[PDB]
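The structure under discussion appears below in the form of structure tokens.
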Amino acid sequence: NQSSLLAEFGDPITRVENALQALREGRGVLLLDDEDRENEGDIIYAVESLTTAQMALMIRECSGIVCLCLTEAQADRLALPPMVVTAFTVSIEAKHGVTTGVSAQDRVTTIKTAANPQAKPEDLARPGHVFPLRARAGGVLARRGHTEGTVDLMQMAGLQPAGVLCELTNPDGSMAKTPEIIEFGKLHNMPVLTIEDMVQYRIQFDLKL
Amino acid sequence: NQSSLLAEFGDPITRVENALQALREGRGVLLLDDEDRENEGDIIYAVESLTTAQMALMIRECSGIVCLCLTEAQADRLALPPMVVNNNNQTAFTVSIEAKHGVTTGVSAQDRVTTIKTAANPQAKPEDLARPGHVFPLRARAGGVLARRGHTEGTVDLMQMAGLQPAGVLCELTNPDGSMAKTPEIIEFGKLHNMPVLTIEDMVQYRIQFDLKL
Ligand SMILES: O=C(CO)[C@H](O)[C@H](O)COP(=O)(O)O
Ligand SMILES: O=C(CO)[C@H](O)[C@H](O)COP(=O)(O)O
């Protein structure tokens, strides 16, 4: 019946296709994981089109713990080890062009700095107010997380392989469920899709990335 | 200027007394640090009376990076050292945490309250907490706002001065457009949500004036 609720966004393959196009157009999407996993919907944006206004929306509508999903190669490049001996690294801040690091603009500056393919460890102070996540190799076919869905979506869309996520939260602090996620998506012109949709699509189109 | 804007909340001593009373009554307060420092206002709540609705407000109106201010002793008993050994205002983040039990994903208002009360428990054991997580503990410096003029110390000092458990939560008030709230917006927020506004300088002077060594 999640399946049935999502029918106004199309069938599974169409739900992926439209999410890919929204991303290529610099818009965001809403990605749900398995109902028996976190059963949460995250706003997802591409780093390369990311704006202050998009970041502000995440902060105002989501948990506020905005994460940067990176490939393992990029995380390694940044010398970001895991926070602890979900693949949270130590937290990060831009050294240049920010103040406290927490404003929407500051977080976006931090994020663009980290996602740069020419980035260096020393571009980033640690700890900070952006929370990077290492996407596992293989993506959603290997681990069915929002982290992997984020990076696969960018890759599948032909975009810089870095994205930001944050979990949609209702005003009263409870986590948003499918009906709320659907309404939020229609109000914000953001396609909704599931991790399972992405799994099926990758295989259906022989998408090794 | 900031003085004249704050004068409606009363003189510096009164501003502190009203905040201490708010906390004793289970309500929140708004704490500003120095204008030449972060120049930001944090919502502050006592852990011992913390509710889901209070947490929910912080998530709506603040950065969403809700931090738990702990004594160094409490952080040690949880096995929470500094997140980074060579910290690049020297904010004393530990590794992030989650309740081991009694939560699902950790991020809902209710789950963050559960993690926070689990962590702040003075009989807490390290295994009560998973790491990493979605609550951000901060190690307050010994000596409080007379050691470091931060929101972190302000939070723990306010709890001690009010005679509560020395554990509080903070989060930075954010404007609808993503920029951080400044004094005028913090003042309006306080008057809208019935939260006393005070500054770190108020706390410093209060503590000196009232021989409050803590
Ligand atoms: O923990 C989280 C990051 O703060 C969120 O639950 C987010 O959805 C990423 O998790 P995953 O990749 O496991 O789905
Ligand atoms: O970094 C922060 C928490 O994530 C905020 O800026 C917080 O106010 C830090 O407090 P302090 O004033 O103690 O540095």
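Order determines the names: the first chain of the structure tokens is A, the second B, and so forth; residues in each chain are numbered 1 upward, and ligands are numbered 1 upward as they are shown.
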
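Within 7 Å of chain A, counting only C-alpha atoms, chain B contributes residues 38, 53, 56, 59, 60, 61, 63, 64, 65, 84, 87, 88, 95, 105, 107, 108, 109, 131, 132, 176, 177, 178, 179 and 180 of chain B.
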
Self-check item: helix (DSSP H, G or I) residues, from DSSP on the backbone, in range 93-141 of chain A, as number ranges by chain
Solution: A: 104-115, 121-123, 139-141

Practice problem: Taking only C-alpha atoms and all ligand atoms into account, report as number ranges by chain which residues have an atom no farther than 6 Å from an atom of ligand 1. | Solution: A: 86, 145-147

Practice problem: List every residue of chain B that DSSP, applied to the backbone of this structure, assigns to strand (DSSP E), and report them as number ranges by chain. | Solution: B: 29-32, 41-46, 67-70, 97-99, 129-139, 168-172, 197-199

Practice problem: Let me have all residues with an atom within 10 Å of ligand 2, counting only C-alpha atoms and all ligand atoms, laid out as a ChimeraX atom specification. | Solution: /A:99-102,127-129 /B:31-34,37-43,63-69,89-93,136-141,145,148-155,170-173,200

Practice problem: Figure out the distance between CA of residue 132 in chain A and CA of residue 49 in chain A, please, to one decimal in Å. | Solution: 17.9 Å

Quiz item: For residue 184 in chain A, which residue out of A:33, A:14, A:41, A:19 is the nearest one, using only C-alpha atoms?
Solution: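 Comparing A:33, A:14, A:41, A:19 against residue 184 in chain A, the winner is A:41.
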
Practice problem: Extract, using only C-alpha atoms, all DNA, RNA and protein residues at most 8 Å from residue 30 in chain B, discarding same-chain residues fewer than 5 positions from it, and format them as a PyMOL selection string. | Solution: chain B and resi 41-44+186+190+195-198

Using N, CA, C and O atoms, can you write the selected residues to a file as a compact mmCIF listing (two decimals), in the first residue's frame?
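Result went into selection_16.txt, see below:
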```txt
# COMPACT_ATOMS: atom_id res chain seq x y z
N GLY B 41 22.18 33.49 19.58
CA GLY B 41 21.31 33.15 20.71
C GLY B 41 20.91 31.70 20.64
O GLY B 41 20.46 31.23 19.60
N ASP B 42 21.11 30.99 21.74
CA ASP B 42 20.74 29.58 21.83
C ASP B 42 19.50 29.44 22.70
O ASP B 42 19.40 30.07 23.75
N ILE B 43 18.57 28.59 22.28
CA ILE B 43 17.57 28.10 23.21
C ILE B 43 18.26 27.15 24.18
O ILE B 43 19.03 26.29 23.76
N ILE B 44 17.98 27.31 25.47
CA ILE B 44 18.53 26.44 26.51
C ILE B 44 17.41 25.80 27.33
O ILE B 44 16.51 26.49 27.78
N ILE B 186 16.03 37.36 18.38
CA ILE B 186 16.05 36.58 19.61
C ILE B 186 15.07 37.16 20.63
O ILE B 186 14.33 36.42 21.28
N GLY B 190 11.80 35.37 22.13
CA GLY B 190 11.57 35.29 23.59
C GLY B 190 10.22 35.80 24.05
O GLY B 190 9.59 35.20 24.90
N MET B 195 10.21 33.13 26.80
CA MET B 195 11.53 32.70 27.25
C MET B 195 12.34 33.92 27.60
O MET B 195 12.49 34.83 26.77
N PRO B 196 12.88 33.95 28.83
CA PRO B 196 13.77 35.03 29.20
C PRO B 196 15.02 35.05 28.35
O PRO B 196 15.55 33.98 28.02
N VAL B 197 15.48 36.25 28.01
CA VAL B 197 16.73 36.46 27.27
C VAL B 197 17.80 36.97 28.24
O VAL B 197 17.54 37.84 29.08
N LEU B 198 19.01 36.43 28.13
CA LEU B 198 20.15 36.93 28.89
C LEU B 198 21.44 36.70 28.11
O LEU B 198 21.43 35.99 27.09
```

Quiz prompt | Polymer residues at most 9 Å from residue 207 in chain B, only C-alpha atoms, same-chain spacing of 4 or more positions, as a list in words | solution =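 Selected residues are residues 145, 146, 161, 202, 203, 211, 212, 213 and 214 of chain B.
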
Create the file for the chosen residues now, containing N, CA, C and O atoms and written as a compact mmCIF listing (two decimals), in the first residue's frame.
```
# COMPACT_ATOMS: atom_id res chain seq x y z
N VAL B 145 31.56 29.80 33.02
CA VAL B 145 31.70 31.02 32.24
C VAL B 145 32.86 31.90 32.71
O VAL B 145 33.21 32.83 32.02
N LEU B 146 33.45 31.61 33.88
CA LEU B 146 34.66 32.30 34.32
C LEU B 146 35.91 31.58 33.77
O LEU B 146 37.01 32.09 33.89
N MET B 161 23.39 27.08 39.00
CA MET B 161 22.90 28.28 39.70
C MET B 161 21.42 28.19 40.06
O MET B 161 20.96 28.88 40.98
N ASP B 202 26.00 38.91 31.37
CA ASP B 202 25.08 38.88 32.54
C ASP B 202 25.49 37.80 33.54
O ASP B 202 25.64 38.06 34.74
N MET B 203 25.70 36.58 33.04
CA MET B 203 26.08 35.45 33.89
C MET B 203 27.41 35.66 34.61
O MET B 203 27.53 35.37 35.80
N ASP B 211 29.32 36.02 44.54
CA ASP B 211 30.36 35.17 45.08
C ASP B 211 30.11 33.70 44.70
O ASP B 211 30.49 32.78 45.44
N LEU B 212 29.50 33.50 43.53
CA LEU B 212 29.08 32.18 43.09
C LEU B 212 30.22 31.43 42.45
O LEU B 212 30.40 31.47 41.24
N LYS B 213 30.99 30.74 43.30
CA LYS B 213 32.14 29.94 42.90
C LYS B 213 31.75 28.60 42.27
O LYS B 213 32.50 28.07 41.45
N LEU B 214 30.61 28.02 42.64
CA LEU B 214 30.19 26.75 42.05
C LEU B 214 31.29 25.70 42.21
O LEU B 214 31.20 24.59 41.67
```

Practice problem: Name the closest residue to residue 27 in chain A among the candidates A:46, A:165, A:159, A:142; distances are taken between atoms, counting only C-alpha atoms. | Solution: A:46
